[PDB]
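Enquirer: Chains as they are written, first to last, in the UniProt record's numbering: chain A, 2 to 110; chain B, 50 to 98.
We treat Cβ as the ideally placed atom computed from N, Cα and C, and that holds for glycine.
Shown below is the structure under consideration.
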Amino acid sequence: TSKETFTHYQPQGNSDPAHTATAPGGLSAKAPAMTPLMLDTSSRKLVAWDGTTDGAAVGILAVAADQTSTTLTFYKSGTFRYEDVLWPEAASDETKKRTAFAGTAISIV
Amino acid sequence: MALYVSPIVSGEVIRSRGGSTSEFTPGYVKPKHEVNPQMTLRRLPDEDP
């Protein structure tokens with residue numbers, strides 16, 4: 002009938018530390034946790050990753066924020082399970098998403 | 050303050066404080082008085098006659 006499936010919640014995928022940092026944000030819509038971020042080329046603020054600008058990934062959002070928020074706290078290191086990161090809809094190929102964060106400390110498992 | 054930070058995204062640390070010092074050295078005073086060795090032969094306003 003109504004079997005509530007109690008599952009865990011492990012965004013982490015490796016024993017690597019998940020270091021955080023605070024940076025200004027200029028988001029234009031609601032953004033839940035574990036959303037990729039990119040650095041704006043014009044204003045150099047932090048916005049939601051479009052999923053098309055290759056190599057623009059800068060980090061992963063940690064605490065949900067909105068357009069009214071001025072500073073966002075985002076992850077800058079560690080490994081995240083591929084099924085828990087809320088990729089933007091514009092990214093339609095798994096390979097590009099997997100290697101999008103290469104170069105920084107962020108990795109996808 | 051320590052406003053909200055949740056036990057997943059622990060962040061900023063605090064600073065120790067201090068930084069004041071002043072020195073106020075010398076001070077001095079000495080009010081010397083006389084003994085009047087020849088005033089004792091008379092009688093004082095005390096010492097009823």
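Note the first and the last residue of the continuous beta strand (DSSP E) segment covering residue 74 of chain A.
Expert: 72 to 76
Enquirer: Mind listing the chain B neighbours of residue 63 of chain A? Cutoff is C-beta to C-beta under 8 Å, in chain order.
Expert: 57 and 58
Enquirer: With DSSP as the reference, identify every bridge partner of residue 48 of chain A, one or two as the case may be.
Expert: Residue 48 of chain A is bridged to A/39.
Enquirer: Grab the span of the beta strand (DSSP E) containing residue 21 of chain A for me, first residue to last.
Expert: 21 to 25
Enquirer: Excluding the five sequence neighbours on either side, which residues of its own chain have a C-beta within less than 8 Å of the C-beta of residue 41 of chain A, listed in chain order?
Expert: The answer, listed in chain order, is 27, 47 and 48.
Enquirer: Grouping DSSP H, G and I as helix and E and B as strand, with all else coil, what is residue 113 of chain A?
Expert: This structure does not reach residue 113 of chain A, given that chain A is present from 2 up to 110, and the question cannot be answered.
Enquirer: Taking all protein chains shown into account, decide if residue 19 of chain A is buried (16 or more other Cβ within 10 angstroms of its Cβ) or exposed.
Expert: buried
Enquirer: For a contact defined as C-beta to C-beta under 8 Å, what are the partners of residue 23 of chain A on chain B?
Expert: 60 and 61
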